[PDB]
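Taking it in order: structure first as C-alpha cells, then the write-up.
Here the Cβ positions follow ideal geometry from the backbone for every residue, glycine too, while neighbour counts run over all protein chains shown. Any read-out appearing in this document is the output of simple, stated calculations on the displayed coordinates, not a laboratory observation.
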Amino acid sequence: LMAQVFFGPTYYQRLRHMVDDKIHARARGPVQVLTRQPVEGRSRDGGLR
Amino acid sequence: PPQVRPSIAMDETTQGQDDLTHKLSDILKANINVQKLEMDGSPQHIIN
RNA sequence: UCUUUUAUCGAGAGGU
C-alpha cells in the first residue's frame, strides 16, 4: 500500500446492546379490548407507532 | 354501554370494575338516599 | 379446517 498504517493493541470492551434483542416485526397479532387497536410491546407481537 | 366500561380479569379468578361502574353505583346509592329523607322524616338540614 | 390466551395502575433504570 502507498500508505503506512498506525497499528497496535488497544483495550476494547463489549456492551449489552445486541441486534438479536431489538429486531421485531408483525403481520396480524393480537389486539386490545378497549379500542381494538394493536398493543404496546415487543414480547407480545406488538405494533409500532 | 359496557363497550365503554370494560371489566378486566386480574389473576383470572379475580376481576375488578372500571371506575365508571363504581361511580354510577355510588350515584345510584345517593339517589336511593335522596328519596327517603324528603318522603317522611325530614330535619331540613339533612335534606340539602 | 380452522383456530388458540399475554391483566392493571404506578414508579424507577436506560438507548438515539
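Odds and ends about this structure:
- The residues on offer are A:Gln32, A:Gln4, and the sole one that is assigned to a loop (DSSP other than H, G, I, E, B) and within 14 Å of chain B (Cβ to nearest Cβ) is A:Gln32.
- In segment B:29-41 there is no residue matching the filter, namely being in a helix (DSSP H, G or I), closer than 15 Å to A:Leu34 by Cβ and of a type in the set (D, E, K, R).
- The single residue among B:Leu37, B:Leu20, B:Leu28 that is under 20 Å from the mean Cα position of the chain (by Cα) and in contact (Cβ under 8 Å) with a residue 12 or more places away in the chain turns out to be B:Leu20.
- Restricting attention to segment A:8-29 and to residues that are surrounded by 10 or more Cβ atoms within 10 Å (Cβ to Cβ) and not small (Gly, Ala, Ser), the residue that is farthest from RNA strand C (Cβ to nearest atom) turns out to be A:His24.
- Considered as a group, the residues in segment B:1-20 that are part of a loop (DSSP other than H, G, I, E, B) and among the aliphatic types (A, V, I, L, M) include one that is farthest from the other protein chains (Cβ to nearest Cβ), and that residue is B:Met10.
- Tally of residues being within 11 Å of RNA strand C (Cβ to nearest atom) and within 14 Å of chain B (Cβ to nearest Cβ) across segment A:35-49: 1
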